[PDB]
Each structure stands twice: as structure tokens, then as C-alpha cells.
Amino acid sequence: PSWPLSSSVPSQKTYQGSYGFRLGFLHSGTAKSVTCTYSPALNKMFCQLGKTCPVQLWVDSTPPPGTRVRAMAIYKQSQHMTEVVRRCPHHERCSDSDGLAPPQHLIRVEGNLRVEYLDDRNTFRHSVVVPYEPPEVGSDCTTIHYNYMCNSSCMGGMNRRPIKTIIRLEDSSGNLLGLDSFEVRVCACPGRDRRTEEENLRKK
């Protein structure tokens, strides 16, 4: 499909910043039944389309009022980095909206009515942003539930190209306070796909 390319690439440089910001993930293992699982060796999340993908925010100090958390996908390969990551022709038309997310957006936030979605008028990139909340009573991190709404193999969309998700901790004006990122594969069996990739790594 003919969509305009972006004329920039968002920052990807990991940055803990003044608040010691970084991501964490559940240690879910590779059983066939897992719906989401993260590989630290590959810094790569494996997940199923539309299922809950918990991503943890860890900070050493609490950021100021009005702090926000933004997620955005970009292609990992340099020759595709200026192409906007978006849903494929089938999924952008299939009317699986939750009533909040634009039908073209790959990344949604589940379970948060305060969510905001952006089509950037200058860069054309899609992103989803929520208010930063500190950890709830009894927890040491903040958990956000993301959903990825196309498969990596969706033709006319990601078309088997790898992507990364960039998470930005922002002030109320959008200025960057911290940044982290991870690769994502959206697939039918995350547990087996993760184990197949990891068991074939070099044992150093």
C-alpha cells in the first residue's frame, strides 16, 4: 500500500535520566501456553496478536506531576526505518476497535480510559500515551498493558520485518526524561518461537 514515508526517525538511544527510568518484563518462561514472553538475551518480546502484554516501568525517584509515558513502534532494519509502522490492509478495516484506538495503530493500551493516541502531523508516526502513575500500594513498579494488533507476518503491514517499541518517559510538554526500548515479534506461538531462537544461540 502507498503511504507516505516519514522524514525523520525518532530517538532510540537508551537513557535512564534523572529518575533512573528503565523497563522490566515478567519472567514468563517458554511454555506453549504463554501469551507474552520476554527474552533478555535478545531484548525481545514475543507476543500474540491482541493479547495483554505487560510492560513494567521502574524508576529510582518519582518524576514530576504531569509526567507521561509514550509508546511507538519503528522498523529495526535501517533500510525500513523511515517507513511508518502501521496495521495491514485487513486489520485496519476489520472493525476490532475498542472505541479509543485509531484503526491504523499497531500499539494499543488496554484497561486505561486516560489513554491518548497521536498521529503526528509532521512525522506521520503513530503513538499511544498515558499519564505516568507511581506504583500501586504493594508494588515496586508501574505496569502498563499493551496490545499489538497485527502479526509480524501480516503482509502489506510489517511484512515479516522486525520492529522495536520505544517507551519514552516525557514531561507534560513532551520533553524527554528517559527512554528504553525492546524488539517485538507478534506471532502465533510466542513460547515456542522464543525457545527456538534462544536454544540456538551460541553458548559462549
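Residue numbers here begin at 1 and follow the sequence given.
Two stretches are in play, 113 to 121 and 88 to 96, and the higher mean C-alpha B-factor belongs to 88 to 96. Comparing the deposited coordinates for 48 to 56 and 163 to 171, the stretch with the larger average C-alpha B-factor is 48 to 56. When the modelled residues of the chain are ordered by C-alpha B-factor, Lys13 sits in the highest third. Annotation for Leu179: C-alpha temperature factor in the lowest third relative to the rest of the modelled chain, per the entry. Among the modelled residues of its chain, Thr143 has a C-alpha B-factor that falls in the middle third, as given in the PDB entry. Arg195: CA B factor lies in the middle third for its chain, per the PDB record. In the PDB entry, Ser39 places in the lowest third of its chain by CA B-factor.
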